[PDB]
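>>> experimental structure below, sequence on top.
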Amino acid sequence: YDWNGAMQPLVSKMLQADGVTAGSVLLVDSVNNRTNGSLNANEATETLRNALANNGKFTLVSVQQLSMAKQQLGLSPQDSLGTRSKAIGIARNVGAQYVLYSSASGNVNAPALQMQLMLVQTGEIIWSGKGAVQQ
């Protein structure tokens with residue numbers, strides 16, 4: 001999988017969208033696998049975090065911060081932060097201005113990457129993008 005090839009253009013387009021301020025605190029939700037096969041979740045998520053830390057200079061909420069925040073909110077330690085209310089609950093504790101959701105879907109050998117950026121303050125989706133993940 002060429003995750004950069006998919007992720008770089010989408011990050012670049014997210015950074016050009018109005019309402020997205022570079023250098024702000026961003027909570028990056030782990031990439032969710034909805035394909036028909038197994039995918040390395042945290043390898044895709046690491047790529048993403050890199051693309052975001054390098055382009056547009058966000059301060060990312062760290063793994064340990066998230067773990068701690070989950071525990072302060074009584075969530076299970078492995079909680080994926082699927083739902084929006086859990087993500088916002090967590091975002092508020094850690095001081096994040098944005099939440100980024102992403103997921104890969106469709107066929108395992110030809111996934112579709114989709115991403116959405118949520119403004120924490122209001123809960124609104126201010127940006128959305130999709131790209132195909134090649135090899």
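Received the coordinates, thanks. Numbering: from 1, shown residues only.

>>> from here on, just use CA atoms for contacts and neighbour counts.
OK.

>>> contact partners for residue 124?
The neighbours of residue 124, taking C-alpha atoms under 8 Å, 6 or more residues apart in numbering as the test, are residue 118.

>>> any idea how far residue 132 is from it?
Distance, residue 124 to residue 132, by C-alpha to C-alpha, to the nearest Å: 25 Å.

>>> likewise residue 34?
The value you get for residue 34 to residue 132, if C-alpha to C-alpha is used, is 14 Å.

>>> helices of this protein, start to end?
Ranges of helices in the chain, per DSSP state H, are 3-15, 41-54, 63-72, 84-94.

>>> just the residues contacting the shortest one, thanks.
This points to helix 63-72. If you take C-alpha under 8 Å, 6+ apart as the criterion, helix 63-72 is touched by 76, 77, 79, 90, 93, 94.

>>> so which of the residues you listed is surrounded by the most neighbours?
Within the contacts of helix 63-72, most neighbours by other C-alpha atoms under 10 Å means residue 90, with 25 neighbours.

>>> spatially nearest residue to it, not counting backbone neighbours?
residue 69 (6.1 Å; C-alpha to C-alpha, 6 or more residues apart in numbering).

>>> so what's residue 116 closest to, chain neighbours aside?
residue 128 (4.5 Å).

>>> cool, and residue 24?
Using C-alpha to C-alpha, 6+ apart and skipping residues adjacent in sequence, the residue nearest residue 24 is residue 58, 5.1 Å away.

>>> all good on my end, thank you.
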